[PDB]
Number of protein chains: 2
Amino acid sequence: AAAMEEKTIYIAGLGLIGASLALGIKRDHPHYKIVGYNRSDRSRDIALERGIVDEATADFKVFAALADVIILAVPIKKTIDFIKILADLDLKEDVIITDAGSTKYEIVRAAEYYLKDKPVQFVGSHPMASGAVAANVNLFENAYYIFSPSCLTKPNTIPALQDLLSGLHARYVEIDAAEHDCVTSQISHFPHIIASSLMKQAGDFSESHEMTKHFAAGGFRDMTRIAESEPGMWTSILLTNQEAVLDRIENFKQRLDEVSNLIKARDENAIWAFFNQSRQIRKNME
Amino acid sequence: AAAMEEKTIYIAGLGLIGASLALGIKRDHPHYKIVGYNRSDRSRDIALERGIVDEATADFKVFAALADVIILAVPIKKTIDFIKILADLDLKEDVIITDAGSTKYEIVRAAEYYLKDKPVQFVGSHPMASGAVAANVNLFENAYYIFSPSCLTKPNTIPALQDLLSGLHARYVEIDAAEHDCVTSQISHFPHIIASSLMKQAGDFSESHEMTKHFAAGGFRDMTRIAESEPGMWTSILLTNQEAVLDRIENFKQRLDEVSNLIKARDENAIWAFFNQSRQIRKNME
Ligand SMILES: NC(=O)c1ccc[n+]([C@@H]2O[C@H](COP(=O)([O-])OP(=O)(O)OC[C@H]3O[C@@H](n4cnc5c(N)ncnc54)[C@H](O)[C@@H]3O)[C@@H](O)[C@H]2O)c1
Ligand SMILES: NC(=O)c1ccc[n+]([C@@H]2O[C@H](COP(=O)([O-])OP(=O)(O)OC[C@H]3O[C@@H](n4cnc5c(N)ncnc54)[C@H](O)[C@@H]3O)[C@@H](O)[C@H]2O)c1
């Protein structure tokens, strides 16, 4: 009777992520109704155009009570605002609510704080990959889709979303929200800080040393490519992952001081071991 | 009469660089004789095999006196050892001697110190791109070939090498040796330090946080790719470019402290400006 399952999914935010999720849902559940919220007119019209969503609104509340599942695909701060607004609406009995934040822990806390006395389910989501024009059914193919449980996640919450989202072709993973934030700090957020700091360093140096622009090669290009990212999103990741990111920055300063001491001592064997060991590690992840 | 020009070029070190240079020479000057030095037997035999060089030796002195041009393509410290040995040989009148070091300033100083009373010419070289098996006539195509003058560079030294090396299809550039070291510190050597420190950081973190290996994506891969490089060469670059590299490391620590202060203050507008400005700079080099 999978043919006959009915569902209304409300996606708030029809940017790249929200719209691509809509496309992944419809891919495996062609009969589910998708209803959309979006602030700006442009992304909302495209969405309506390409049958990505069946109805759309600029009033967040308008579709809330009707939804069997609500996915909040707006930035991190607005996700919390919308959680605040969902907390005093009369929503469907046991709606499953979820987000799509790059950082799990703060959003989960906000959900537990605001929704604890509502008959709702909540779980944190992070679909690990622009606007509704860049919408792509295959955005998440073979990428990890992370769930982070909350005290409002019931035994069936993750299973129901995993069924809902099967059309993404993602790899599902359950992980503690704080632990998620710790890991992604190290392999994504702090690297972005470094790439941005390095670009700014080299750019400052450039004004005073003209061959800088010209001698930069594949090494430098590759370590600065992610500097190109959107600053609103990176700012809210830093402000919602402060502790982990600060810890990485402080640990990285200590590592630079070890390297600087080795250079001052002209310690050739230690400097060699420093380069060799890292080379080996690289080869050993994978 | 370019048909009739005779020349003997002595290349010491038949690794990737020395052998590829030999191939680039023969490409435009098929009648020049190339004679080769190499320590280990393997790279020397390949070289003899593929007609990359016409004669070869494991005794550095054997070809020195005969050469019209000597190119030292061994590592940075051995280049200085060989400069020491060339200083008390009777070389051809006005031989042009040059190196291929990743760092110009120390090698140029050593040449001026050791060779000042010999009737020789010297100029520093850095052909900005493994062993004699990885030898490639096109290694340097459209890459910068740097010359750094010494008090032993005569008016015709750079012109004679530029003619000699035309088959590389490189882009010639003349730059002060110290200034070269300053620039390459910023866009290559210090980035390599950072990439190696970051890999080691993430690798240490990994042992204690298992999802690290799995969540690392294109961002992290790209900033750590050059960690894969050979530690002997990177060590001698650091030990011959100490001042510039230490200056970058100290300046980078100060930039991390600014970023860390912004995060602690939750200064959202400043953190945004920090990401946006770097994004713009990236776009503005090119
Ligand atoms: N882009 C990625 O690589 C990625 C990956 C995984 C998760 N995420 C998360 O998803 C969020 C959205 O990402 P996206 O790539 O869809 O960006 P996007 O720019 O394509 O879409 C952003 C959406 O949020 C809405 N919005 C922004 N500010 C708002 C506000 N003040 N009030 C009401 N609506 C507002 C927009 O109109 C738009 O619908 C991110 O901020 C991030 O936490 C992003
Ligand atoms: N590989 C690059 O990206 C690159 C680019 C430009 C310049 N350089 C410079 O050229 C040098 C050589 O680079 P390569 O890529 O040809 O490396 P390679 O490993 O392919 O060749 C190194 C050569 O040096 C010889 N050698 C090493 N130690 C020696 C010693 N102790 N005594 C006598 N001979 C010794 C080897 O037998 C071999 O011929 C580098 O160390 C660097 O300064 C390298």
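Proteins get letters first, then strands, A, B, ... in listed order; numbering begins at 1 in each. Heavy atoms only: backbone and side chains are in, while hydrogens, waters and symmetry mates are out.
Put simply, the side chain of B/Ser20 gets close to the backbone of B/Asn136: a donor and an acceptor are under 3.5 Å apart. Side-chain N or O atoms of B/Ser236 include one that pairs as donor or acceptor with a backbone N or O of B/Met233 at under 3.5 Å. Proximity of a side-chain donor or acceptor of B/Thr153 to a complementary backbone N or O of B/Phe122 within less than 3.5 Å is detected. A donor-acceptor pair under 3.5 Å links the side-chain atoms of B/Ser229 to the main chain of B/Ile226, judged by distance alone. Put simply, the side chain of A/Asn276 never gets that close to the backbone of B/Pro231: no donor and acceptor are under 3.5 Å apart.
No side-chain N or O of A/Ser197 forms a donor-acceptor pair with one of B/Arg255 less than 3.5 Å apart. Checked by atom type, the side-chain pair B/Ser166/B/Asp28 shows a donor-acceptor distance below 3.5 Å.
By the neighbour-count criterion of 12 heavy atoms within 6.0 Å, atom CD of A/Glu268 is sparsely surrounded, having that number or fewer from other residues, nucleotides or ligands. For B/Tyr105, the OH atom is loosely surrounded, since the number of other residues' heavy atoms within 6.0 Å does not exceed 12.
Taking a cutoff of 4.0 Å between a charged side-chain nitrogen and a carboxylate oxygen, B/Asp204 and B/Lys200 qualify as a salt bridge. With salt bridges taken as basic N to acidic carboxylate O contacts below 4.0 Å, one links B/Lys154 and B/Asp94. One finds no salt bridge joining B/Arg221 and A/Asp222 here, because no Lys/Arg side-chain nitrogen approaches an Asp/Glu carboxylate oxygen to under 4.0 Å. Under 4.0 Å is where a charged nitrogen must lie from a carboxylate oxygen, and between B/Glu6 and B/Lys33 no such pair does.
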- Begin from the C-alpha positions of A/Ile263 and B/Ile249 and carry the test side-chain contact (heavy atoms from CB on, under 4.5 Å) through to its verdict. CA-CA 11 Å; A/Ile263 294 163; B/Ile249 294 177; 3.8 Å; yes

- Task: Check the pair B/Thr212, A/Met285 against side-chain contact (heavy atoms from CB on, under 4.5 Å), reporting the backbone distance first and the verdict last.
- Result: CA-CA 9 Å; B/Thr212 311; A/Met285 291 169 75; 4.0 Å; yes

- Task: Evaluate the side-chain contact (heavy atoms from CB on, under 4.5 Å) criterion for residues B/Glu230 and A/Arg279: first the C-alpha distance (whole Å), next the side-chain angles of each, then the deciding distance (0.1 Å), finally the verdict.
- Result: CA-CA 8 Å; B/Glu230 106 98 353; A/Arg279 162 165 97 162; 4.0 Å; yes

- Task: Apply side-chain contact (heavy atoms from CB on, under 4.5 Å) to the pair A/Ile237 and A/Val245, showing each step before the final yes or no.
- Result: CA-CA 10 Å; A/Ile237 289 169; A/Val245 167; 5.8 Å; no

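Counting only residues at least two apart or on different chains, the side chain to side chain donor-acceptor pair (under 3.5 Å) pairs with a member in residues 240-250 of chain B are B/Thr103-B/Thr240, B/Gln186-B/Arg248, B/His189-B/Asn241, B/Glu250-B/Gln254. The side chain to side chain donor-acceptor pair (under 3.5 Å) analysis of residues 42-53 of chain B, with sequence neighbours excluded, yields the pairs B/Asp41-B/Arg44.
A distance of 9.5 Å separates NE2 of B/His169 from CG of B/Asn142, quoted to the nearest 0.5 Å. For the atom pair CE (B/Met199) and CD1 (A/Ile281), the distance works out to 8.0 Å, reported to the nearest 0.5 Å. How far CZ of B/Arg171 is from CD of B/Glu141: 12.5 Å, rounded to the nearest 0.5 Å. The line from CG of B/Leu246 to CG of A/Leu256 is 11.0 Å long, rounded to the nearest 0.5 Å.
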For residues 56-67 of chain B, tabulate all N or O donor-acceptor pairs below 3.5 Å that involve a side-chain atom, not counting sequence neighbours.
unit_1	atom_1	unit_2	atom_2	d
B/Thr57	OG1	B/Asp59	N	2.9
B/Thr57	OG1	B/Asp59	O	3.3

Counting only pairs under 3.5 Å, give me each side-chain donor-acceptor contact of residues 110-118 of chain B, with atom names and distances, residues two or more places apart or in other chains.
unit_1	atom_1	unit_2	atom_2	d
B/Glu112	OE2	B/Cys151	N	2.9
B/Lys118	NZ	B/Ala87	O	3.0
B/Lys118	NZ	B/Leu89	O	3.3

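When the ring pair (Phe, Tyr, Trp, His ring centres under 6.0 Å) test is applied to A/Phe220, no partner is found at least two apart in sequence or on another chain. When the salt bridge (charged side-chain N to carboxylate O under 4.0 Å, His left out) test is applied to B/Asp176, no partner is found at least two apart in sequence or on another chain. Among residues two or more places apart in sequence or in another chain, the ring pair (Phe, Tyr, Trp, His ring centres under 6.0 Å) test is passed with A/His209 by A/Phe205. For B/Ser125, the side-chain contact (heavy atoms from CB on, under 4.5 Å) partners at least two apart in sequence or on another chain are B/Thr98, B/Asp99, B/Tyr145, B/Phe147. The salt bridge (charged side-chain N to carboxylate O under 4.0 Å, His left out) check on B/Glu228 picks up A/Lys283, with sequence neighbours excluded. With sequence neighbours left out, the side-chain contact (heavy atoms from CB on, under 4.5 Å) criterion links B/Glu5 to B/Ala2, B/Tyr32. Here B/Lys77 pairs with nothing under the salt bridge (charged side-chain N to carboxylate O under 4.0 Å, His left out) rule; sequence neighbours left out. Among residues two or more places apart in sequence or in another chain, the ring pair (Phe, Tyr, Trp, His ring centres under 6.0 Å) test is passed with B/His192 by A/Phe275, B/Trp234.
Ring centers of B/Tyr10 and B/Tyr37: at least 6.0 Å apart, outside the cut-off.
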